[PDB]
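S.K.: What follows is run-v2.cif, mmCIF, C-alpha atoms and all ligand atoms.
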data_final
#
loop_
_atom_site.label_atom_id
_atom_site.label_comp_id
_atom_site.auth_asym_id
_atom_site.auth_seq_id
_atom_site.Cartn_x
_atom_site.Cartn_y
_atom_site.Cartn_z
CA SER A 1 -108.99 -18.17 -183.51
CA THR A 2 -109.71 -19.47 -186.99
CA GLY A 3 -110.07 -18.12 -190.52
CA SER A 4 -111.85 -19.39 -193.62
CA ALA A 5 -111.56 -17.89 -197.12
CA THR A 6 -112.75 -18.98 -200.53
CA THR A 7 -110.12 -19.47 -203.22
CA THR A 8 -111.14 -19.07 -206.87
CA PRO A 9 -109.47 -20.19 -210.13
CA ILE A 10 -108.09 -17.25 -212.11
CA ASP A 11 -109.15 -18.73 -215.45
CA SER A 12 -110.88 -21.68 -217.12
CA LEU A 13 -107.78 -23.89 -216.83
CA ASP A 14 -107.19 -23.50 -213.07
CA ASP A 15 -103.78 -21.97 -213.85
CA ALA A 16 -103.73 -20.55 -210.32
CA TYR A 17 -106.11 -19.63 -207.53
CA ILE A 18 -106.72 -16.27 -205.85
CA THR A 19 -107.93 -15.59 -202.34
CA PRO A 20 -109.05 -12.19 -201.05
CA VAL A 21 -106.84 -10.71 -198.33
CA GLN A 22 -107.48 -7.57 -196.28
CA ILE A 23 -104.41 -5.37 -195.75
CA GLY A 24 -104.23 -2.17 -193.73
CA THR A 25 -106.66 0.19 -192.05
CA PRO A 26 -109.13 0.84 -193.55
CA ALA A 27 -108.90 -2.51 -195.30
CA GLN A 28 -107.48 -2.72 -198.79
CA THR A 29 -108.59 -6.02 -200.31
CA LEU A 30 -106.13 -7.65 -202.71
CA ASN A 31 -106.49 -11.02 -204.40
CA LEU A 32 -103.39 -13.06 -203.58
CA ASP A 33 -102.00 -16.36 -204.82
CA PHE A 34 -101.55 -18.54 -201.71
CA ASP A 35 -98.29 -20.39 -202.29
CA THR A 36 -97.19 -23.28 -200.07
CA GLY A 37 -93.93 -23.37 -202.07
CA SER A 38 -92.65 -19.93 -201.00
CA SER A 39 -92.52 -17.74 -197.91
CA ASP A 40 -92.94 -14.09 -198.91
CA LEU A 41 -96.17 -12.09 -198.74
CA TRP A 42 -95.67 -9.52 -201.50
CA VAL A 43 -98.06 -7.20 -203.27
CA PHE A 44 -98.42 -4.88 -206.19
CA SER A 45 -98.31 -1.43 -204.67
CA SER A 46 -98.20 2.32 -205.13
CA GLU A 47 -94.41 1.82 -205.33
CA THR A 48 -94.50 -0.63 -208.25
CA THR A 49 -92.95 0.73 -211.44
CA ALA A 50 -95.95 2.12 -213.32
CA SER A 51 -95.19 0.40 -216.62
CA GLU A 52 -95.17 -2.95 -214.78
CA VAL A 53 -98.73 -2.58 -213.46
CA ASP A 54 -101.56 -3.63 -215.82
CA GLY A 55 -104.93 -4.05 -214.13
CA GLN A 56 -103.83 -5.31 -210.71
CA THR A 57 -105.21 -3.86 -207.50
CA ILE A 58 -102.44 -2.12 -205.58
CA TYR A 59 -101.69 -1.70 -201.89
CA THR A 60 -101.07 1.95 -200.97
CA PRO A 61 -99.34 2.01 -197.59
CA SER A 62 -99.68 5.80 -197.26
CA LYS A 63 -103.46 5.27 -197.04
CA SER A 64 -103.20 2.77 -194.18
CA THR A 65 -103.07 4.19 -190.68
CA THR A 66 -101.48 0.97 -189.40
CA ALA A 67 -98.71 0.71 -192.04
CA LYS A 68 -95.13 1.25 -190.91
CA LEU A 69 -92.03 1.17 -193.10
CA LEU A 70 -89.72 -1.62 -191.97
CA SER A 71 -86.66 0.57 -192.17
CA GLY A 72 -83.78 -0.74 -194.25
CA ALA A 73 -85.53 -3.96 -195.23
CA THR A 74 -85.55 -5.16 -198.83
CA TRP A 75 -86.63 -8.34 -200.56
CA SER A 76 -86.01 -10.09 -203.86
CA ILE A 77 -87.38 -13.41 -205.03
CA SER A 78 -87.03 -15.64 -208.05
CA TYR A 79 -89.47 -18.48 -208.56
CA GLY A 80 -88.87 -21.85 -210.17
CA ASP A 81 -90.59 -20.76 -213.37
CA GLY A 82 -88.23 -17.81 -213.85
CA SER A 83 -90.62 -15.10 -212.66
CA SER A 84 -89.38 -12.60 -210.08
CA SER A 85 -90.13 -9.51 -208.03
CA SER A 86 -88.43 -7.25 -205.49
CA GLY A 87 -88.93 -4.18 -203.35
CA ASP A 88 -89.12 -2.86 -199.81
CA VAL A 89 -91.18 -3.78 -196.74
CA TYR A 90 -93.94 -2.49 -194.52
CA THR A 91 -95.58 -4.01 -191.49
CA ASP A 92 -99.36 -3.79 -191.38
CA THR A 93 -102.50 -5.61 -190.28
CA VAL A 94 -103.42 -8.53 -192.54
CA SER A 95 -106.62 -10.54 -192.35
CA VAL A 96 -107.61 -13.71 -194.18
CA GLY A 97 -111.14 -15.01 -193.89
CA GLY A 98 -111.66 -13.34 -190.52
CA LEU A 99 -108.25 -14.26 -189.04
CA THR A 100 -106.16 -11.18 -188.25
CA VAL A 101 -102.41 -10.81 -187.81
CA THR A 102 -100.96 -7.49 -186.66
CA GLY A 103 -97.41 -6.54 -187.60
CA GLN A 104 -97.30 -8.81 -190.66
CA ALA A 105 -94.47 -8.10 -193.09
CA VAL A 106 -96.09 -6.90 -196.31
CA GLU A 107 -93.46 -6.81 -199.03
CA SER A 108 -94.16 -3.97 -201.45
CA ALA A 109 -93.04 -4.58 -205.02
CA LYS A 110 -90.96 -1.93 -206.72
CA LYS A 111 -90.28 -4.29 -209.65
CA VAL A 112 -92.09 -7.34 -211.02
CA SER A 113 -91.25 -9.53 -214.00
CA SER A 114 -93.36 -9.63 -217.14
CA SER A 115 -95.34 -12.74 -216.17
CA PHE A 116 -96.70 -10.92 -213.13
CA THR A 117 -97.52 -7.76 -215.09
CA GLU A 118 -99.33 -9.85 -217.69
CA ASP A 119 -101.55 -11.55 -215.11
CA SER A 120 -104.11 -8.93 -214.19
CA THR A 121 -105.91 -11.28 -211.80
CA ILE A 122 -103.07 -11.79 -209.30
CA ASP A 123 -102.33 -8.85 -206.98
CA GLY A 124 -99.47 -10.61 -205.20
CA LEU A 125 -98.46 -13.81 -203.40
CA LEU A 126 -98.99 -15.05 -199.85
CA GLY A 127 -96.31 -17.56 -198.98
CA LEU A 128 -97.14 -20.55 -196.78
CA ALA A 129 -93.89 -22.54 -196.88
CA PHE A 130 -91.49 -22.34 -193.90
CA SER A 131 -90.23 -18.93 -192.85
CA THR A 132 -86.62 -20.03 -193.36
CA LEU A 133 -87.21 -19.34 -197.09
CA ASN A 134 -88.37 -15.74 -196.56
CA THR A 135 -86.20 -13.37 -198.62
CA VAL A 136 -86.35 -10.20 -196.53
CA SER A 137 -82.92 -8.78 -195.68
CA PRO A 138 -81.25 -8.03 -193.34
CA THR A 139 -83.93 -9.32 -190.95
CA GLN A 140 -85.83 -12.36 -192.22
CA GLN A 141 -89.60 -12.16 -191.70
CA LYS A 142 -92.27 -14.66 -190.74
CA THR A 143 -95.11 -15.92 -192.91
CA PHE A 144 -98.73 -15.11 -192.19
CA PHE A 145 -99.23 -18.67 -190.91
CA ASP A 146 -96.23 -18.56 -188.60
CA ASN A 147 -97.39 -15.25 -187.16
CA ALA A 148 -100.95 -16.57 -186.71
CA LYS A 149 -100.02 -19.98 -185.36
CA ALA A 150 -99.94 -19.33 -181.63
CA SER A 151 -103.39 -17.74 -181.79
CA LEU A 152 -104.99 -20.51 -183.84
CA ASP A 153 -107.22 -23.13 -182.21
CA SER A 154 -104.94 -25.73 -183.82
CA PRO A 155 -101.62 -24.98 -185.59
CA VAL A 156 -102.83 -26.04 -189.04
CA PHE A 157 -104.14 -24.77 -192.32
CA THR A 158 -105.96 -26.71 -195.01
CA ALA A 159 -106.13 -26.43 -198.79
CA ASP A 160 -109.29 -27.59 -200.56
CA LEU A 161 -108.79 -26.53 -204.17
CA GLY A 162 -111.61 -26.95 -206.69
CA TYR A 163 -111.50 -28.40 -210.18
CA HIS A 164 -112.88 -25.64 -212.39
CA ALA A 165 -114.65 -24.33 -209.26
CA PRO A 166 -113.96 -22.36 -206.08
CA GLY A 167 -112.51 -24.01 -202.99
CA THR A 168 -111.38 -23.07 -199.51
CA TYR A 169 -108.35 -22.25 -197.38
CA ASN A 170 -109.02 -22.73 -193.66
CA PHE A 171 -106.73 -21.69 -190.81
CA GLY A 172 -106.84 -23.18 -187.34
CA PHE A 173 -109.31 -26.03 -187.81
CA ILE A 174 -110.06 -29.11 -189.87
CA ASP A 175 -113.53 -29.09 -191.48
CA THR A 176 -114.62 -32.70 -191.07
CA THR A 177 -117.46 -32.16 -193.57
CA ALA A 178 -115.04 -31.24 -196.38
CA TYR A 179 -113.64 -34.72 -197.14
CA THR A 180 -114.65 -38.37 -197.37
CA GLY A 181 -113.16 -41.26 -195.42
CA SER A 182 -110.10 -40.58 -193.27
CA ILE A 183 -107.13 -38.22 -193.51
CA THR A 184 -103.82 -40.05 -193.91
CA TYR A 185 -100.90 -38.20 -192.38
CA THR A 186 -97.33 -38.50 -193.63
CA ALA A 187 -93.95 -37.17 -192.48
CA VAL A 188 -92.55 -33.84 -193.62
CA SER A 189 -88.95 -32.73 -194.00
CA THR A 190 -88.42 -29.00 -193.54
CA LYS A 191 -84.74 -29.18 -194.49
CA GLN A 192 -85.27 -27.32 -197.80
CA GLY A 193 -87.94 -25.02 -196.34
CA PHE A 194 -90.81 -26.78 -198.16
CA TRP A 195 -93.70 -29.06 -197.23
CA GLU A 196 -91.58 -31.96 -198.48
CA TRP A 197 -92.87 -35.51 -198.17
CA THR A 198 -92.51 -38.95 -199.79
CA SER A 199 -95.29 -40.51 -201.79
CA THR A 200 -95.44 -44.29 -201.68
CA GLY A 201 -96.06 -44.84 -205.39
CA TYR A 202 -98.44 -44.45 -208.29
CA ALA A 203 -100.82 -46.07 -210.75
CA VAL A 204 -101.92 -45.07 -214.24
CA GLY A 205 -105.62 -45.50 -214.96
CA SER A 206 -106.87 -48.90 -213.88
CA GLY A 207 -103.33 -50.28 -213.86
CA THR A 208 -101.53 -51.90 -210.98
CA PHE A 209 -100.02 -49.75 -208.25
CA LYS A 210 -96.24 -49.37 -208.40
CA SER A 211 -94.72 -49.10 -204.93
CA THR A 212 -91.86 -46.65 -205.16
CA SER A 213 -90.76 -43.69 -203.01
CA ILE A 214 -91.25 -40.31 -204.64
CA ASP A 215 -89.93 -37.37 -202.66
CA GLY A 216 -91.60 -34.07 -203.51
CA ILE A 217 -93.25 -30.92 -202.26
CA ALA A 218 -96.88 -29.96 -201.75
CA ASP A 219 -96.99 -26.67 -203.68
CA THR A 220 -100.24 -24.78 -204.17
CA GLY A 221 -98.34 -22.14 -206.15
CA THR A 222 -97.38 -24.55 -208.96
CA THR A 223 -100.09 -25.38 -211.50
CA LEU A 224 -99.00 -28.84 -212.66
CA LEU A 225 -97.80 -32.18 -211.31
CA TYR A 226 -94.06 -32.64 -211.92
CA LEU A 227 -92.75 -36.19 -211.39
CA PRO A 228 -89.72 -38.29 -212.41
CA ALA A 229 -89.34 -38.94 -216.13
CA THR A 230 -89.92 -42.68 -215.69
CA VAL A 231 -93.32 -42.09 -214.04
CA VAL A 232 -94.38 -39.44 -216.54
CA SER A 233 -93.40 -41.61 -219.51
CA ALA A 234 -95.46 -44.48 -218.09
CA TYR A 235 -98.48 -42.17 -217.83
CA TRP A 236 -98.32 -40.67 -221.33
CA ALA A 237 -97.60 -44.06 -222.93
CA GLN A 238 -101.26 -44.83 -222.15
CA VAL A 239 -102.49 -41.93 -224.31
CA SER A 240 -102.46 -42.56 -228.06
CA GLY A 241 -100.50 -39.89 -229.88
CA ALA A 242 -99.02 -38.29 -226.77
CA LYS A 243 -95.42 -37.14 -227.06
CA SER A 244 -92.87 -34.89 -225.41
CA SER A 245 -92.41 -31.76 -227.51
CA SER A 246 -89.19 -29.82 -227.01
CA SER A 247 -90.69 -26.89 -228.94
CA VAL A 248 -93.77 -26.68 -226.71
CA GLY A 249 -91.82 -27.53 -223.54
CA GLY A 250 -93.39 -30.77 -222.37
CA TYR A 251 -95.88 -33.53 -223.06
CA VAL A 252 -98.72 -32.78 -225.41
CA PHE A 253 -101.54 -35.03 -226.52
CA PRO A 254 -104.33 -35.05 -229.10
CA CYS A 255 -107.26 -33.02 -227.87
CA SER A 256 -109.52 -35.88 -229.06
CA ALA A 257 -108.09 -38.18 -226.37
CA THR A 258 -109.76 -39.33 -223.19
CA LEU A 259 -107.10 -39.17 -220.48
CA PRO A 260 -106.60 -41.90 -217.87
CA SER A 261 -106.62 -41.08 -214.19
CA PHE A 262 -103.42 -40.95 -212.15
CA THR A 263 -103.20 -42.30 -208.61
CA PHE A 264 -100.56 -41.33 -206.05
CA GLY A 265 -99.87 -43.01 -202.72
CA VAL A 266 -99.98 -41.39 -199.30
CA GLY A 267 -98.83 -44.13 -196.96
CA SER A 268 -101.25 -47.01 -197.55
CA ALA A 269 -103.88 -44.60 -198.89
CA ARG A 270 -104.47 -43.54 -202.48
CA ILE A 271 -105.50 -40.23 -204.05
CA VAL A 272 -106.99 -40.48 -207.54
CA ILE A 273 -106.57 -37.59 -209.96
CA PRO A 274 -109.31 -37.91 -212.63
CA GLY A 275 -108.13 -37.78 -216.23
CA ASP A 276 -109.96 -34.52 -216.91
CA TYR A 277 -107.79 -32.76 -214.28
CA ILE A 278 -104.75 -33.53 -216.45
CA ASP A 279 -106.13 -31.70 -219.52
CA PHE A 280 -104.79 -28.13 -219.88
CA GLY A 281 -106.37 -27.55 -223.26
CA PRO A 282 -105.05 -26.42 -226.63
CA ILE A 283 -101.45 -25.24 -226.67
CA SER A 284 -102.62 -22.19 -228.67
CA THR A 285 -106.12 -21.07 -229.65
CA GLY A 286 -107.65 -23.42 -232.22
CA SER A 287 -104.94 -26.07 -231.90
CA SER A 288 -105.81 -29.77 -231.69
CA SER A 289 -102.68 -30.38 -229.61
CA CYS A 290 -103.40 -30.16 -225.89
CA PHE A 291 -100.98 -29.55 -223.03
CA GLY A 292 -100.60 -32.21 -220.35
CA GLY A 293 -101.00 -31.63 -216.65
CA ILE A 294 -98.38 -34.21 -215.66
CA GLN A 295 -94.86 -33.22 -216.72
CA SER A 296 -91.30 -34.32 -216.03
CA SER A 297 -89.43 -32.85 -213.09
CA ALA A 298 -86.09 -33.69 -214.72
CA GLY A 299 -84.10 -30.47 -214.70
CA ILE A 300 -86.21 -28.88 -211.94
CA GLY A 301 -84.31 -30.79 -209.28
CA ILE A 302 -87.40 -31.58 -207.21
CA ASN A 303 -90.75 -33.31 -207.73
CA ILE A 304 -93.72 -31.01 -207.28
CA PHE A 305 -97.22 -32.00 -206.23
CA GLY A 306 -98.83 -28.86 -207.64
CA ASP A 307 -102.47 -27.94 -208.09
CA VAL A 308 -103.24 -30.85 -210.45
CA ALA A 309 -102.52 -33.24 -207.59
CA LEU A 310 -103.63 -31.15 -204.63
CA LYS A 311 -107.04 -30.29 -206.09
CA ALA A 312 -107.90 -34.02 -206.03
CA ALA A 313 -107.54 -34.01 -202.22
CA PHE A 314 -108.34 -32.26 -198.99
CA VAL A 315 -104.86 -31.36 -197.76
CA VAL A 316 -103.83 -30.61 -194.19
CA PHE A 317 -100.66 -28.58 -193.57
CA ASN A 318 -99.97 -29.42 -189.95
CA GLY A 319 -97.59 -26.87 -188.45
CA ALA A 320 -97.17 -28.54 -185.08
CA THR A 321 -93.66 -28.70 -183.57
CA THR A 322 -93.03 -31.68 -185.84
CA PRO A 323 -94.89 -30.74 -189.02
CA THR A 324 -96.84 -33.32 -191.05
CA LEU A 325 -99.06 -33.39 -194.13
CA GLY A 326 -102.49 -34.99 -194.33
CA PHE A 327 -104.39 -36.08 -197.44
CA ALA A 328 -108.00 -37.20 -197.78
CA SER A 329 -110.20 -37.94 -200.76
CA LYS A 330 -113.19 -35.67 -201.21
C1 LIG A 401 -96.81 -17.53 -216.35
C2 LIG A 401 -96.84 -17.20 -214.90
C3 LIG A 401 -96.36 -17.78 -213.79
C4 LIG A 401 -96.76 -16.98 -212.67
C5 LIG A 401 -96.53 -17.24 -211.23
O1 LIG A 401 -97.24 -16.68 -210.38
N1 LIG A 401 -95.54 -18.13 -210.94
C6 LIG A 401 -95.23 -18.74 -209.70
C7 LIG A 401 -94.55 -19.94 -209.68
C8 LIG A 401 -94.32 -20.57 -208.48
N2 LIG A 401 -94.74 -20.02 -207.34
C9 LIG A 401 -95.38 -18.85 -207.33
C10 LIG A 401 -95.64 -18.18 -208.49
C11 LIG A 401 -97.45 -15.94 -213.19
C12 LIG A 401 -98.12 -14.74 -212.61
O2 LIG A 401 -97.52 -16.05 -214.56
#
Represent the structure contained in this file as structure tokens.
Ligand SMILES: Cc1cc(C(=O)Nc2ccncc2)c(C)o1

M.R.:
Amino acid sequence: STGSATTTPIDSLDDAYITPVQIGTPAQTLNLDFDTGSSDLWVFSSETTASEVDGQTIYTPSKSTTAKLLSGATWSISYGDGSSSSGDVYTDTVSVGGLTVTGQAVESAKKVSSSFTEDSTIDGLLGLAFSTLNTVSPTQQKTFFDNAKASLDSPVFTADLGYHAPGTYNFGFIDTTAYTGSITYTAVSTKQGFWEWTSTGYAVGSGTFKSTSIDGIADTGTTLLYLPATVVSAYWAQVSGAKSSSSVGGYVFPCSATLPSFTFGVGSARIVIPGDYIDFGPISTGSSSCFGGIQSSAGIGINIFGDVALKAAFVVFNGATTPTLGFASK
């Protein structure tokens, strides 16, 4: 089997992407944030505290003839950005782009943090990291991809995120029309539960490539590119007037600037992020200070190849017995 679904930016900045997902019988379609940095499929629901729901579409398990309470199971998650949610668990039928999994754990939120409430466009998350990170207790549950894997034509999914435009998540096949040149594959460590890999270096604009190992994660659920302070300083030094602002919480730059590209290495291959992808616009409405899309990972504890980086590539998440990651230009 295979599946193919379009993923759409939630706003004009590509802060996140949403993908329609069918849950239950008859189908209830919710727009979920596919997150290769976490491993829980959770949704706003009829159980979510009413004051914490503001415009989201909810899953109502009582209206699904295939929903079953997973008795005694609870979940609770905290993300890197400080957001969180928790609740109980149902199993139900879940379909993405024509690919159906029966008995998928659907984690129903009883509580969500303010950031989730305030984002009316995101009805929940669909985790695509390794199932070892799943938070369900006392019986850990599998991700949608892990459940689907055996049925897929090939044990892979691909992320093809758009810049200010829709893109695609495919399951079970590699669309050879969706990228240019060749896909370069690179080793993955699953030891922390992430799609963790080592970039071979970087360049800023038309500058020379610096060969240096940068360990990090491919994370579709993180907006920005978070890299070591040395690398980030070298980037922003090429932008007149750019500075790190403790009050804003990262690098900002004059909105009148033209940003240089940023290149990262994948083995002997190179992925170029155009300068415009690194512009996240005014820090507040009407401001001439703009927020940068490349930020320091110091204090996070891990480097994160988030959407800024991933959207510049066609990315293969190869879930074979020994997982790997593939990157192609597009
Ligand atoms: C301000 C904000 C952040 C988020 C959000 O979804 N975080 C997040 C971070 C990492 N992985 C998954 C999710 C929301 C709704 O609002």

S.K.: For each of A:266, A:242, A:304, A:231, take the minimum atom-to-atom distance to ligand LIG 401 (chain A), counting all atoms listed in the file, then give the residue where this is smallest.

M.R.: A:304

S.K.: Identify, on the basis of only C-alpha atoms, every residue whose closest approach to residue 195 (chain A) does not exceed 12 Å; exclude the query and any residue fewer than 3 positions from it along the same chain; express the result as a VMD selection string.

M.R.: chain A and resid 35 to 39 127 to 131 133 186 to 192 198 215 to 220 303 to 306 315 to 319 322 to 326

S.K.: For the residues in the current selection, export C-alpha atoms as an mmCIF file, keeping the file's coordinate frame.

M.R.:
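Listing of out.cif after writing:
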data_model
loop_
_atom_site.group_PDB
_atom_site.id
_atom_site.type_symbol
_atom_site.label_atom_id
_atom_site.label_comp_id
_atom_site.auth_asym_id
_atom_site.auth_seq_id
_atom_site.Cartn_x
_atom_site.Cartn_y
_atom_site.Cartn_z
ATOM 1 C CA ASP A 35 -98.290 -20.390 -202.290
ATOM 2 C CA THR A 36 -97.190 -23.280 -200.070
ATOM 3 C CA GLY A 37 -93.930 -23.370 -202.070
ATOM 4 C CA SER A 38 -92.650 -19.930 -201.000
ATOM 5 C CA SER A 39 -92.520 -17.740 -197.910
ATOM 6 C CA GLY A 127 -96.310 -17.560 -198.980
ATOM 7 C CA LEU A 128 -97.140 -20.550 -196.780
ATOM 8 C CA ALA A 129 -93.890 -22.540 -196.880
ATOM 9 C CA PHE A 130 -91.490 -22.340 -193.900
ATOM 10 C CA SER A 131 -90.230 -18.930 -192.850
ATOM 11 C CA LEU A 133 -87.210 -19.340 -197.090
ATOM 12 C CA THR A 186 -97.330 -38.500 -193.630
ATOM 13 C CA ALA A 187 -93.950 -37.170 -192.480
ATOM 14 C CA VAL A 188 -92.550 -33.840 -193.620
ATOM 15 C CA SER A 189 -88.950 -32.730 -194.000
ATOM 16 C CA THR A 190 -88.420 -29.000 -193.540
ATOM 17 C CA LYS A 191 -84.740 -29.180 -194.490
ATOM 18 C CA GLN A 192 -85.270 -27.320 -197.800
ATOM 19 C CA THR A 198 -92.510 -38.950 -199.790
ATOM 20 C CA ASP A 215 -89.930 -37.370 -202.660
ATOM 21 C CA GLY A 216 -91.600 -34.070 -203.510
ATOM 22 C CA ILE A 217 -93.250 -30.920 -202.260
ATOM 23 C CA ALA A 218 -96.880 -29.960 -201.750
ATOM 24 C CA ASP A 219 -96.990 -26.670 -203.680
ATOM 25 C CA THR A 220 -100.240 -24.780 -204.170
ATOM 26 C CA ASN A 303 -90.750 -33.310 -207.730
ATOM 27 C CA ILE A 304 -93.720 -31.010 -207.280
ATOM 28 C CA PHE A 305 -97.220 -32.000 -206.230
ATOM 29 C CA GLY A 306 -98.830 -28.860 -207.640
ATOM 30 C CA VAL A 315 -104.860 -31.360 -197.760
ATOM 31 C CA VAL A 316 -103.830 -30.610 -194.190
ATOM 32 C CA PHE A 317 -100.660 -28.580 -193.570
ATOM 33 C CA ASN A 318 -99.970 -29.420 -189.950
ATOM 34 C CA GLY A 319 -97.590 -26.870 -188.450
ATOM 35 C CA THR A 322 -93.030 -31.680 -185.840
ATOM 36 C CA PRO A 323 -94.890 -30.740 -189.020
ATOM 37 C CA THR A 324 -96.840 -33.320 -191.050
ATOM 38 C CA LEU A 325 -99.060 -33.390 -194.130
ATOM 39 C CA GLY A 326 -102.490 -34.990 -194.330
#

S.K.: Collect all residues with atoms no farther than 6 Å from ligand LIG 401 (chain A), counting all atoms listed in the file, and output them as JSON, numbers by chain.

M.R.: {"A": [79, 80, 81, 115, 116, 119, 221, 222]}

S.K.: Given the choices A:258, A:46, A:225, A:2, which gets closest to residue 150 (chain A) if the distance is worked out from all atoms listed in the file?

M.R.: A:2

S.K.: Which neighbours of residue 107 (chain A) fall inside 10 Å, counting all atoms listed in the file, when residues of the same chain fewer than 3 positions from it are skipped, and could you give them as a list in words?

M.R.: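 So, after excluding close chain neighbours, the residues are residues 40, 41, 42, 43, 44, 45, 70, 73, 74, 75, 76, 85, 86, 87, 88, 89, 90, 91, 104, 110, 124, 125, 126, 135, 136 and 141 of chain A.
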
S.K.: Please report the interatomic distance between CA of residue 194 (chain A) and CA of residue 263 (chain A) in Å with one decimal.

M.R.: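 Taking CA of residue 194 (chain A) and CA of residue 263 (chain A), their separation equals 22.4 Å.
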
S.K.: Go through A:28, A:13, A:173, A:77 one by one, measure the shortest atom-to-atom distance of each to residue 1 (chain A) using all atoms listed in the file, and give the residue with the smallest value.

M.R.: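 Between A:28, A:13, A:173, A:77, the residue approaching residue 1 (chain A) most closely is A:173.
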
S.K.: Using all atoms listed in the file, which residues sit within 7 Å of region 47-55 of chain A once same-chain residues fewer than 2 positions away are excluded, as a PyMOL selection string?

M.R.: chain A and resi 44-45+57+108-112+117-118+120

S.K.: If I only have part of region 153-164 of chain A, can you fill in N, CA, C and O atoms and write it as a compact mmCIF listing (two decimals), in the coordinates of the input?

M.R.:
# COMPACT_ATOMS: atom_id res chain seq x y z
N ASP A 153 -106.70 -22.06 -183.05
CA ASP A 153 -107.22 -23.13 -182.21
C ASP A 153 -106.33 -24.37 -182.32
O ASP A 153 -106.08 -25.05 -181.33
N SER A 154 -105.85 -24.63 -183.53
CA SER A 154 -104.94 -25.73 -183.82
C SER A 154 -103.94 -25.21 -184.84
O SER A 154 -104.31 -24.44 -185.73
N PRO A 155 -102.65 -25.60 -184.74
CA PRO A 155 -101.62 -24.98 -185.59
C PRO A 155 -101.57 -25.58 -187.00
O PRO A 155 -100.57 -26.20 -187.38
N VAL A 156 -102.66 -25.40 -187.75
CA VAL A 156 -102.83 -26.04 -189.04
C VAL A 156 -103.48 -25.08 -190.01
O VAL A 156 -104.16 -24.14 -189.62
N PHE A 157 -103.28 -25.34 -191.30
CA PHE A 157 -104.14 -24.77 -192.32
C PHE A 157 -104.45 -25.87 -193.31
O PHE A 157 -103.73 -26.88 -193.38
N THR A 158 -105.55 -25.71 -194.03
CA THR A 158 -105.96 -26.71 -195.01
C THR A 158 -106.22 -26.07 -196.36
O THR A 158 -106.68 -24.93 -196.45
N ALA A 159 -105.89 -26.83 -197.41
CA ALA A 159 -106.13 -26.43 -198.79
C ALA A 159 -107.14 -27.39 -199.40
O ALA A 159 -106.91 -28.61 -199.42
N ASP A 160 -108.22 -26.83 -199.91
CA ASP A 160 -109.29 -27.59 -200.56
C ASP A 160 -109.57 -26.90 -201.88
O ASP A 160 -110.51 -26.13 -202.02
N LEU A 161 -108.71 -27.18 -202.87
CA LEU A 161 -108.79 -26.53 -204.17
C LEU A 161 -109.85 -27.22 -205.03
O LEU A 161 -109.95 -28.44 -205.05
N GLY A 162 -110.60 -26.43 -205.79
CA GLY A 162 -111.61 -26.95 -206.69
C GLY A 162 -111.08 -27.23 -208.08
O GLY A 162 -110.15 -26.60 -208.54
N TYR A 163 -111.71 -28.18 -208.76
CA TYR A 163 -111.50 -28.40 -210.18
C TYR A 163 -112.51 -27.55 -210.92
O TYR A 163 -113.72 -27.80 -210.85
N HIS A 164 -112.02 -26.54 -211.63
CA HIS A 164 -112.88 -25.64 -212.39
C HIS A 164 -113.99 -25.07 -211.49
O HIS A 164 -115.11 -24.88 -211.94
